[PDB]
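S.K.: Structure incoming, see below.
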Amino acid sequence: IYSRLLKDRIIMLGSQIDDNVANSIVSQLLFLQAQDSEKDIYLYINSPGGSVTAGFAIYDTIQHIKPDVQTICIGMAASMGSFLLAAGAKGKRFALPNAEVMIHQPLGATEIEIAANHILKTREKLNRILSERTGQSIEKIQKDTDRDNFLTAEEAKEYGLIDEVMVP
Amino acid sequence: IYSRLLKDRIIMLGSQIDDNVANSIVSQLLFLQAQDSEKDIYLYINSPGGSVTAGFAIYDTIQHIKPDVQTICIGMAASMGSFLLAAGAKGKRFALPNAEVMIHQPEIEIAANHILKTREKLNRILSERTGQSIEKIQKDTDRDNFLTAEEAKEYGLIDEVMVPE
Amino acid sequence: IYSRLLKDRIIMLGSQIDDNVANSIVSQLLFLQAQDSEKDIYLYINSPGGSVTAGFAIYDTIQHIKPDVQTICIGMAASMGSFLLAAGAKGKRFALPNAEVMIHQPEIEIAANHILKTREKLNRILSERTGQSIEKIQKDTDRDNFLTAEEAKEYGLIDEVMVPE
Amino acid sequence: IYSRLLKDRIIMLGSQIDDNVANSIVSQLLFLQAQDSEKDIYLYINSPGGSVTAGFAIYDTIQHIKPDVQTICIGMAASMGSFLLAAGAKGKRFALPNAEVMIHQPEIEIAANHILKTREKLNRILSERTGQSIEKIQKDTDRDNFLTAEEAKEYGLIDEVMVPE
Amino acid sequence: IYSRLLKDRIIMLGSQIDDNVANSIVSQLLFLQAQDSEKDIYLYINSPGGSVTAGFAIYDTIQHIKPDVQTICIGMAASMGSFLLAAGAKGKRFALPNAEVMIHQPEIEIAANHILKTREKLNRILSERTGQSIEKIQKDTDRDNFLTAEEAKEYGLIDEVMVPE
Amino acid sequence: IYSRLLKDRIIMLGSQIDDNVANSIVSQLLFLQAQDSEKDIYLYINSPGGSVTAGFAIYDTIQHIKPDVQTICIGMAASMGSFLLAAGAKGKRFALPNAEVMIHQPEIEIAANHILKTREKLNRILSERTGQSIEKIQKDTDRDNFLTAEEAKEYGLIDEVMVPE
Amino acid sequence: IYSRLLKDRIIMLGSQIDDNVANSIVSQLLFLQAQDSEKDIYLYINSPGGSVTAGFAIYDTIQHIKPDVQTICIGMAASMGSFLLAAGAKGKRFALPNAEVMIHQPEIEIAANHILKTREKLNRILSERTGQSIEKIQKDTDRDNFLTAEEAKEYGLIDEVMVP
Amino acid sequence: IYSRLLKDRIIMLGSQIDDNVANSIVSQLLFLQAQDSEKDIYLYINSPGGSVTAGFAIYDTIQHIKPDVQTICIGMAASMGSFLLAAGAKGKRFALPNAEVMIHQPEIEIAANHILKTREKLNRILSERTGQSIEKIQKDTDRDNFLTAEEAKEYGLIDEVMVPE
Amino acid sequence: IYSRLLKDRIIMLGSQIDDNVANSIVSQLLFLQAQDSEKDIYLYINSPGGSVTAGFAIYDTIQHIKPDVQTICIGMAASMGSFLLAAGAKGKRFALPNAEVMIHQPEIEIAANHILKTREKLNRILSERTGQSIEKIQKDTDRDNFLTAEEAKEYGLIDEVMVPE
Amino acid sequence: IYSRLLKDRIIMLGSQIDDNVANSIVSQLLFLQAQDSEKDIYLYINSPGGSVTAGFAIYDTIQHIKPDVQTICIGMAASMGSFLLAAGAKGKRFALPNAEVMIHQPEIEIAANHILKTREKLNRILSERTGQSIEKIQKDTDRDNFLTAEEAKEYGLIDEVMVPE
Amino acid sequence: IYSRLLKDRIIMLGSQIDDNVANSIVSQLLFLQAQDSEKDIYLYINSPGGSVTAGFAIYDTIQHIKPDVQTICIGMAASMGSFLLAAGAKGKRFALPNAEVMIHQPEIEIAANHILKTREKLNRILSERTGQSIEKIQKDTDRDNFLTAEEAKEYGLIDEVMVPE
Amino acid sequence: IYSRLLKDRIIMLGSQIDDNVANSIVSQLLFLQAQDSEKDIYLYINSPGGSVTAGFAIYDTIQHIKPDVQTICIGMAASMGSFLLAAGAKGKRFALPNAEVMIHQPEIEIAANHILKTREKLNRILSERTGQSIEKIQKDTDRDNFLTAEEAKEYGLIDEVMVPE
């Protein structure tokens, strides 16, 4: 059922992000480029978020591929999911009227897990990448990513997450 | 089994709405759009209701897709369930004669707003599609009350109670 | 295993009726309509009975679908179970010789009404399909009594007790 | 594992009879009818016995299906277990040499009748299929007695004790 | 895990024999018959022993199936365990060198007979398959004695003690 | 979790040996034979020791299977535990450097023999596989003594103490 | 729950060490070897300490497996607990800043030897991996003393106290 | 704790009536008789009700002892609970104002009689002590109905509803 | 609590009879003999019944002591319970009006005798004290039947049903 | 532990009210009456609330005993919990400053009455002891609302909020 | 309670014999010697039997004390229980009519001797006091057999079966 | 009970020796010295043995008191139990004929010494009082061996095995 969608180059990120899900989408991202490098990819996102490392793997492949990947936020986008929303092609990042976006990044388990992310400083990268595309200063990013809050669709547009709010 | 129904453009919504179901619904809607963007989509509803955020993802995608989506309530539809019933394409939102419809509710500086602000966004979107005045909707979604099929018609949730044939 | 029966248009109702089963029934009915909207549907029933709201969803969908649905009781059918037996397509509602049939029951300003109002809606819909007068039905669904296959025929639940062949 | 036996039209009845098992039996019988309505069905029986109502649902469906059903007792068969043994298609009801067979029993104005009336309906249906006179059956199902394979043959439960080959 | 052994026609009997195990054995035997009715069945035995009636159901089904069943004792086999060992297909009943074999026992007008009559039926069926005279078997099953693999061969329980290779 | 090791032909023996474990070991051995009858089987051992009869069933099956079984002691191995260590395929029986090995013991006309006769059968089978003379083994299994890995090599239990790499 | 950590090659050692735990550890180590014999294994340690013999089975298997095993102490590690900490793959043996480390002890012709001989085998194997001289180790494992993370580094138990 | 009440001739009946409680009651009654055979015994009752046979043992011993026994209902008293309330010494049987009282029910040739015959013996013994006519009692103990303290007085269960002071 | 009754020469028998109770009874009987060897002993009985051997120890000691022992049944007395009731000192064996009385039952060369021989010794000792003929007793202790107080008097178990006073 | 408090005439009510607790409360009240019928009883209350019938048994016994009972709320008191708070001896019913108080709710011909009739009996008995008019009480017990200590004083539940000292 | 019997020189042996009981017996024997070294000691016995070593301590002390000790069996006496019965002072060892008597049994170089040597010391000491020849005793203590009171007299365990008076 | 024996200067040592018992012994010894410092003290011993340190406190106090202390073994005396037997006043240390006697055993720089040094102090103090040479005692206390009364006499533990009289 995803396949017939895959044939139209529509990819769905629908759940918590783990390596299994990441691997699947990366496989789908490559598969679409092999089908055509020119045509757009529709990436629909409803996720709470998930593992940070698996996020980059999805992020990098979206960056590495030639095709334009649009992101469209449906439902709730949070953690890595929200991160992949702002990571879409510029001008192509949309959200439906009612979606809620939370850019908070949870710290998480064993510290060693922390050992790499802090070592990873993904937040810095996460803050760095998010700051560049959203246009906000790194400091402001650092603060919000540390806080629990929920932006509406519109509030995510002014803040720089989504370029548009799609009307019915 | 569901595919054979899906091939005929019927979508069953059968249980409390979580991220798993909502996703599975959304994917089917975008599917049935990719199949044929003209013929309408029959969406049955029997639910106790479900998580709010997972509800909108079904709501918005109903609006965002081109085809008409006929919500047909059967049996209980409550909480975010009915809110999908009332979200159907106008004129096509049905119920079966014996079914019942019902409506109700599911750092603190921020959390207290998010719980309130989330509810008005339900109170509004029902005020359009029922046509009732918010001062009534504001009151109804608060208190639990059981609307029979007919009393829902008068209320503005369902347009036509489907009579057997 | 069930599919192979489903392919032959037989639907087993095997246990107390919850949202899980009722859904699985409904989906199969709308299925067997999508397959062929002419040939009748054999619906077996063996149940202790189940939740009310989940029962209607099976009831209404029997009415709402085009084909005829032959309810065949085997073994005990009680509470909302029999109420589906008596809901079959007229003339086709059967029982096997040794089976038994039985019928009975499952803020306070609102709750007291909803419990009463829900029951009349059972008392009515049995009054049509048994043909008995509500003053009798009003009394029967209250007290527990065990109707053999034959005594059900006389009573109006089942039309034809199926004799072995 | 059972399917591979089911594909060869063998049905194991392995434990005390509840609604879960009885259903699973019934579904398999109606299945093996849908597969082939000619070839007979081998039904093995090893049981301590089970709930009465769940027994009939196996009994009636044996009668209601077209094919012949060969009940083969192995090991103990007692209470509602044997009553299925004696319910097999005449001439085919077997036992293995060493197996044992046994027979026995499991508002008050109504309850006292239902407990009595349910038992005669066992006393009758054994009187046909054993051929014994009810005045004997009336007595046997009351007292616990252990019938060896042979003594069952003389008694009329099993037609042919299967000798090893 | 067991299936992969079952696919190779090996059946482990691992614990005291109840209705649950005996059933699971029987179903596997009738299975391995349905697979291939020619190739023999390896049946390992390690048991303290089990319920009598559940034992026969394994015994009779060994006799009733067509293929040869090679009982291979490993470790202790006692009470109804050995009685299955001695029930293997003649010439194929084995033991491993260090294993041990042992044999022994588990209204009153009726109960006193059933306890006696059940035991002779063990005393007989061992008298055939060991070849010993009942006056000896009558005595052995009474008293507890530990037969090594070899002493079992001399005794007639096992034909060939399997030597390692 | 164990399966993934089992797939690589490793078998953990982790606790005192009862019928439950011994069975689970045996089934795995006959399994790994059915998979591949060539490649050797790694059998780790960490045990305080266990029931005698349940030990042999592991012993005999090691002998009875075709593949080589490498017993690798880690941590304490005592009583019937070591007796499996010393039962490995010759030349492959290992230990890790720091592990310890130890050996010792667990109508009256009959019982006094069975307790003695069971022990010689341990004294013998260690006399082969250690190579020591029974007059020494007869003495060692009586008194409790703690053999380090090396002192076991000199003793004949383990062939090669595995050094880290 | 642990599997999901196990899939990422982390092994929690959470309580006093008995045969049940030690076995469960060993099986996981041989597992993570069967999965991938290259990538190192993170082994966390929080323990009051446990039975001696069950400790070695964890020790030896750390040595016997190919991959590197990084022992990370968190919270108290004492008795046979620390002895696993000090048994990690050299250079990778860590501690968190606030954790504490500690070391100490648990026919008569034979029994008196086995209790002594078992302890030297602890005194030796710590003398290699701490680098301290046995005459010091011989003394330390006798008396109870609480080594903070840093004082353990100086002592030779842990190589690098992990800073947040 | 209870003894100090027992010393003052108060007996609490606190839970469903089993053999354990009934015994403990009986022993206390015969006790309080042995202490003083003149002064009356206060017997409180709060019960959902209990086993029939264990009830009589409390009933009969109330009759068999010399002193007067004042049954004081507090909270629910139902099934065999009330039947003790109505069994108090005439004129002294009380209730507190808000308490509720209720009455209802708990080989086949013999069993069907014993279940009927046991109930009449309740229907009779209530007919004396309530004074109502059996044709009414015969009907009341069948159907579940909730008698408030006062409505019990009118009914004849309790003589004097105790008003607070 | 019991002592105060014991001081008044009352002995409660309250539960199924095990070695613990029987001992506690015996010790009390020999006690009440040591106190006063003249005044009779009141022995109440409410029991489901108990182990046979532990029953005799109460029986024999009733016979062996000098004083008269008045067995007073209250509530159910069955199995070895009634057998103590019928064992009271002749003329003093009572029952209360509503109580019920009932009677029934609880190497193989030896075991089959011991189970039979133990029962006749009950059949005999009831034949004396009821006065009934063994051919009747032989039949009664086999089948379960519920004797009311009066029907026991006619039967010979109890001499005088105690009427309330 | 509680006894030492009980000796000082303090009674803790600590959890949701079932038959077990209510009984344990009642027994303690009748106890503290038997100790001294003059000195008042301190009754603390911290509860989420409990079963209705088990509540009255605490209510009535407060009224029925002679001494004054000072209800002291601490922490949440809700449902039948507060209804005991408001049931204290007038003038002594307290609360601590930070505690919260709250009030709300827990054949069909009969059942619908019993659920209604049971609630008025709560609505009444609060109308006396709060002094509020039933038309207000009728409304308050329906909707959930959180009354702080003070707002309860104004409301009439508690007389004096106890200030720390 | 026991003291009052002890004051009359009766000693109850009521349960399986452990160190706790045996001690309590011994202390009582040496006591009753210190009281009066002339009058005989009544020792009742009802036991399933107990630990061997704890038995002798009762045996030897019977011999070592001056007074005569009359063992009176009541109910079952088995294993080390009877061995005390047969250890009474000659001529005084009794039984009650219905009681039953029975006799049977409870490093390896040493352990095998200690288990044998301990038993002969029972076989001997019964050979004196029964008078039977060891070749018979050697056989009897091995096999379980139930000796009635009389058959014990003939056997030499008890001198006089006490008849009721 | 013990006092009455204590008054006659008998002291029972009945169980494994802990601080509680040892204290209770010591206090009694110093007592019986305070009573009369001339007459000897009978000390019975039946023990499995006990804690070492608690043993000496009994040993030393035997030596430290003036009177002679006659240790009389009855039944098993082992571990620190016998070591008290052998500690009696020379010439008076007895045993009863059937009793058995046995002897055996119960920072590391310090702990290894304390366990060794504590044992020699047992090996010595037995070497005096048995008279055996330490090279024998050194060996005996190591291995478990069961000394009958006589074999103890030859060994030097007991002087005179007391024969019955």
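We name chains A, B, ... following the order of the structure tokens; residues begin at 1 in each chain, and ligands are numbered from 1 as shown.
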Please identify the strand (DSSP E or B) residues within chain K (assignment by DSSP from backbone atoms) and present them as a compact mmCIF listing (two decimals) with N, CA, C and O atoms, in the first residue's frame.

M.R.:
# COMPACT_ATOMS: atom_id res chain seq x y z
N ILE K 10 -0.41 -38.70 82.11
CA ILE K 10 -0.73 -39.07 80.74
C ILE K 10 0.13 -38.23 79.81
O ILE K 10 0.31 -37.03 80.04
N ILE K 11 0.67 -38.85 78.77
CA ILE K 11 1.52 -38.16 77.81
C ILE K 11 1.01 -38.45 76.42
O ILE K 11 1.02 -39.60 75.98
N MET K 12 0.59 -37.40 75.71
CA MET K 12 0.10 -37.54 74.36
C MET K 12 1.25 -37.43 73.37
O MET K 12 2.06 -36.50 73.46
N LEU K 13 1.33 -38.36 72.44
CA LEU K 13 2.25 -38.26 71.33
C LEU K 13 1.40 -38.10 70.08
O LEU K 13 0.79 -39.06 69.61
N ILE K 41 3.15 -44.78 83.91
CA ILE K 41 2.92 -43.65 83.02
C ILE K 41 2.10 -44.12 81.82
O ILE K 41 2.51 -45.03 81.10
N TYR K 42 0.95 -43.48 81.60
CA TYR K 42 0.15 -43.75 80.42
C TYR K 42 0.70 -42.94 79.27
O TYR K 42 0.78 -41.71 79.37
N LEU K 43 1.08 -43.60 78.20
CA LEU K 43 1.60 -42.93 77.01
C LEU K 43 0.69 -43.27 75.84
O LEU K 43 0.74 -44.39 75.32
N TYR K 44 -0.10 -42.31 75.39
CA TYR K 44 -0.90 -42.54 74.20
C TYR K 44 -0.05 -42.33 72.97
O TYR K 44 0.96 -41.62 72.99
N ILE K 45 -0.44 -42.98 71.88
CA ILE K 45 0.28 -42.84 70.62
C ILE K 45 -0.72 -42.72 69.49
O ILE K 45 -1.51 -43.64 69.26
N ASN K 46 -0.69 -41.60 68.78
CA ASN K 46 -1.27 -41.50 67.44
C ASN K 46 -0.25 -40.78 66.57
O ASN K 46 -0.02 -39.59 66.75
N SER K 47 0.34 -41.50 65.62
CA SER K 47 1.39 -40.88 64.81
C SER K 47 1.43 -41.48 63.42
O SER K 47 1.20 -42.68 63.26
N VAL K 69 5.61 -47.82 81.56
CA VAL K 69 5.04 -46.91 80.58
C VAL K 69 4.09 -47.71 79.71
O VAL K 69 4.52 -48.58 78.95
N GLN K 70 2.80 -47.42 79.80
CA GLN K 70 1.80 -48.15 79.05
C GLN K 70 1.54 -47.43 77.74
O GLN K 70 0.92 -46.37 77.73
N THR K 71 1.98 -48.01 76.63
CA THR K 71 1.69 -47.41 75.34
C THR K 71 0.30 -47.82 74.91
O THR K 71 -0.02 -49.00 74.88
N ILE K 72 -0.53 -46.84 74.60
CA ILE K 72 -1.88 -47.08 74.15
C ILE K 72 -2.01 -46.49 72.76
O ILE K 72 -2.03 -45.26 72.60
N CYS K 73 -2.13 -47.33 71.76
CA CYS K 73 -2.32 -46.83 70.41
C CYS K 73 -3.76 -46.43 70.20
O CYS K 73 -4.68 -47.11 70.66
N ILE K 74 -3.97 -45.32 69.50
CA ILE K 74 -5.30 -44.90 69.07
C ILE K 74 -5.17 -44.35 67.66
O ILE K 74 -4.28 -43.54 67.38
N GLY K 75 -6.03 -44.80 66.77
CA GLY K 75 -5.81 -44.39 65.40
C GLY K 75 -4.49 -44.94 64.87
O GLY K 75 -3.81 -45.74 65.50
N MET K 76 -4.15 -44.48 63.67
CA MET K 76 -2.95 -44.95 63.00
C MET K 76 -1.73 -44.82 63.89
O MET K 76 -1.56 -43.83 64.60
N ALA K 77 -0.90 -45.86 63.88
CA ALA K 77 0.46 -45.78 64.41
C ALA K 77 1.36 -46.49 63.42
O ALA K 77 1.19 -47.68 63.17
N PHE K 94 -1.19 -51.57 74.68
CA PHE K 94 -2.59 -51.74 74.31
C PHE K 94 -2.84 -51.27 72.89
O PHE K 94 -1.92 -50.96 72.15
N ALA K 95 -4.11 -51.29 72.50
CA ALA K 95 -4.58 -50.59 71.32
C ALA K 95 -6.08 -50.42 71.47
O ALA K 95 -6.72 -51.16 72.21
N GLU K 100 -5.30 -48.82 63.83
CA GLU K 100 -4.48 -49.57 62.90
C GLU K 100 -3.01 -49.41 63.26
O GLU K 100 -2.59 -48.36 63.73
N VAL K 101 -2.24 -50.46 63.02
CA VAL K 101 -0.81 -50.43 63.27
C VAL K 101 -0.11 -50.81 61.98
O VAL K 101 -0.62 -51.61 61.19
N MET K 102 1.07 -50.23 61.75
CA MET K 102 1.82 -50.49 60.54
C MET K 102 3.29 -50.26 60.83
O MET K 102 3.64 -49.54 61.76
N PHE K 146 -1.03 -53.23 56.49
CA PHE K 146 -1.87 -52.59 57.50
C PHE K 146 -2.40 -53.63 58.47
O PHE K 146 -3.27 -54.43 58.12
N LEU K 147 -1.90 -53.60 59.70
CA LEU K 147 -2.30 -54.52 60.74
C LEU K 147 -3.41 -53.90 61.57
O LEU K 147 -3.20 -52.88 62.22
N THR K 148 -4.57 -54.53 61.57
CA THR K 148 -5.62 -54.14 62.48
C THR K 148 -5.20 -54.44 63.91
O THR K 148 -4.19 -55.10 64.15
N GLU K 160 -2.90 -56.41 74.58
CA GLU K 160 -4.33 -56.47 74.86
C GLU K 160 -5.03 -55.35 74.11
O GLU K 160 -4.85 -54.18 74.43
N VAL K 161 -5.87 -55.71 73.14
CA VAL K 161 -6.71 -54.70 72.51
C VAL K 161 -7.78 -54.27 73.51
O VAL K 161 -8.57 -55.09 73.98

S.K.: May I have the residues within 8 Å of residue 156 (chain G) as an MDAnalysis selection string, using only C-alpha atoms and disregarding those fewer than 6 positions away in the same chain?

M.R.: chainID G and resid 129:132

S.K.: So how far away is CA of residue 104 (chain K) from CA of residue 30 (chain I), in Å?

M.R.: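 CA of residue 104 (chain K) lies 29.5 Å from CA of residue 30 (chain I).
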
S.K.: Residues within 7 Å of residue 142 (chain B), please, as an MDAnalysis selection string. Count only C-alpha atoms; anything in the same chain fewer than 3 positions from it doesn't count.

M.R.: chainID B and resid 104:105 138:139

S.K.: List every residue of region 36-138 of chain E that DSSP, applied to the backbone, labels as helix (DSSP H, G or I), and write the result as a ChimeraX atom specification.

M.R.: /E:52-64,80-85,108-130,134-138

S.K.: Which residue is closest to residue 22 (chain B)? Choose from B:78, B:36, B:84, B:4 and count only C-alpha atoms.

M.R.: B:84

S.K.: Smallest atom-to-atom distance to chain C: which of H:143, H:92, H:121, H:39, using only C-alpha atoms?

M.R.: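 Using only C-alpha atoms, chain C sits closest to H:143.
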
S.K.: I'd like the contact shell of residue 20 (chain C) - 9 Å cut-off, only C-alpha atoms, skipping same-chain residues fewer than 6 positions apart - returned as a PyMOL selection string.

M.R.: (chain B and resi 14-15) or (chain C and resi 54)

S.K.: Would you pick out the contacts of residue 125 (chain H) at 10 Å or less, using only C-alpha atoms, so that residues sharing its chain but fewer than 3 positions from it are not included, and give the list as a PyMOL selection string?

M.R.: (chain H and resi 83+86-87+119-122+128-131+134) or (chain I and resi 98)

S.K.: Using C-alpha atoms, can you export the residues from the last selection as an mmCIF file, in the first residue's frame?

M.R.:
data_model
loop_
_atom_site.group_PDB
_atom_site.id
_atom_site.type_symbol
_atom_site.label_atom_id
_atom_site.label_comp_id
_atom_site.auth_asym_id
_atom_site.auth_seq_id
_atom_site.Cartn_x
_atom_site.Cartn_y
_atom_site.Cartn_z
ATOM 1 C CA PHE H 83 -32.311 -14.075 57.001
ATOM 2 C CA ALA H 86 -35.211 -11.572 60.540
ATOM 3 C CA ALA H 87 -34.118 -14.390 62.849
ATOM 4 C CA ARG H 119 -35.308 -22.986 49.535
ATOM 5 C CA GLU H 120 -38.773 -23.679 50.929
ATOM 6 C CA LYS H 121 -37.087 -24.127 54.287
ATOM 7 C CA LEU H 122 -36.003 -20.530 53.847
ATOM 8 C CA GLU H 128 -43.198 -17.113 60.468
ATOM 9 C CA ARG H 129 -40.860 -14.303 61.381
ATOM 10 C CA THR H 130 -42.052 -11.738 58.878
ATOM 11 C CA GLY H 131 -45.660 -12.840 59.278
ATOM 12 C CA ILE H 134 -45.916 -17.662 51.807
ATOM 13 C CA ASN I 98 -32.788 -27.189 60.555
#

S.K.: Please measure the separation of CA of residue 38 (chain A) and CA of residue 94 (chain A), giving the value in Å to one decimal.

M.R.: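 Separating CA of residue 38 (chain A) from CA of residue 94 (chain A) is a distance of 20.4 Å.
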
S.K.: What's the 9 Å shell around residue 110 (chain C), counting only C-alpha atoms, without same-chain residues fewer than 4 positions away, as a list in words?

M.R.: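 Contacts, in chain order: residues 144, 145 and 146 of chain B; 114 and 115 of chain C.
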
S.K.: Store the residues of this selection in a file with N, CA, C and O atoms, as a short mmCIF file (atom, residue, chain, number, x, y, z; two decimals), in the first residue's frame.

M.R.:
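The result, written out as result07.cif:
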data_model
loop_
_atom_site.label_atom_id
_atom_site.label_comp_id
_atom_site.auth_asym_id
_atom_site.auth_seq_id
_atom_site.Cartn_x
_atom_site.Cartn_y
_atom_site.Cartn_z
N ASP B 144 -21.30 15.38 29.02
CA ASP B 144 -21.53 14.17 28.25
C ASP B 144 -23.02 13.97 28.01
O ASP B 144 -23.81 13.96 28.96
N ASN B 145 -23.40 13.80 26.75
CA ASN B 145 -24.79 13.62 26.39
C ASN B 145 -24.87 12.71 25.18
O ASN B 145 -24.02 12.80 24.29
N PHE B 146 -25.89 11.86 25.13
CA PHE B 146 -25.99 10.84 24.09
C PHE B 146 -27.01 11.27 23.05
O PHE B 146 -28.22 11.27 23.31
N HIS C 114 -30.15 7.10 29.76
CA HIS C 114 -29.44 6.35 28.73
C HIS C 114 -29.57 4.85 28.95
O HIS C 114 -29.59 4.08 27.99
N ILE C 115 -29.65 4.41 30.20
CA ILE C 115 -29.81 2.99 30.44
C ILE C 115 -31.22 2.55 30.10
O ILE C 115 -31.43 1.46 29.56
#

S.K.: Quick one: pull the distance between CA of residue 53 (chain G) and CA of residue 22 (chain G), Å, one decimal.

M.R.: 9.4 Å

S.K.: Please report, as JSON lines, each residue of chain E lying at most 7 Å from chain I, together with the nearest pair of atoms and the separation in Å rounded to one decimal; use only C-alpha atoms, and order rows by chain and ascending residue number.

M.R.:
{"residue": "E:107", "atom": "CA", "partner": "I:142", "partner_atom": "CA", "distance": 5.2}
{"residue": "E:108", "atom": "CA", "partner": "I:116", "partner_atom": "CA", "distance": 6.7}
{"residue": "E:112", "atom": "CA", "partner": "I:112", "partner_atom": "CA", "distance": 5.7}
{"residue": "E:116", "atom": "CA", "partner": "I:108", "partner_atom": "CA", "distance": 6.8}
{"residue": "E:142", "atom": "CA", "partner": "I:107", "partner_atom": "CA", "distance": 5.3}

S.K.: Can I get the selection written as a short mmCIF file (atom, residue, chain, number, x, y, z; two decimals), in the first residue's frame, with N, CA, C and O atoms?

M.R.:
data_model
loop_
_atom_site.label_atom_id
_atom_site.label_comp_id
_atom_site.auth_asym_id
_atom_site.auth_seq_id
_atom_site.Cartn_x
_atom_site.Cartn_y
_atom_site.Cartn_z
N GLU E 107 -19.30 -46.04 46.41
CA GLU E 107 -18.70 -46.26 45.09
C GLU E 107 -17.66 -47.36 45.11
O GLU E 107 -17.34 -47.92 44.06
N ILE E 108 -17.11 -47.68 46.29
CA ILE E 108 -15.88 -48.46 46.35
C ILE E 108 -16.03 -49.79 45.64
O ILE E 108 -15.05 -50.34 45.12
N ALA E 112 -12.72 -50.10 43.38
CA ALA E 112 -11.75 -51.15 43.65
C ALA E 112 -11.53 -52.02 42.42
O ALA E 112 -10.43 -52.55 42.21
N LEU E 116 -7.93 -52.25 39.99
CA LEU E 116 -7.36 -53.55 39.67
C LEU E 116 -7.41 -53.81 38.18
O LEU E 116 -6.39 -54.15 37.56
N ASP E 142 4.85 -54.70 40.67
CA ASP E 142 4.50 -54.35 42.04
C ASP E 142 5.67 -53.70 42.77
O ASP E 142 5.51 -52.66 43.41
#

S.K.: Identify all chain A residues at most 10 Å from chain B by counting only C-alpha atoms; ligands do not count. Present them as a PyMOL selection string.

M.R.: chain A and resi 1-5+7-8+10-16+44-48+73-76+96-100+147-151+166-168
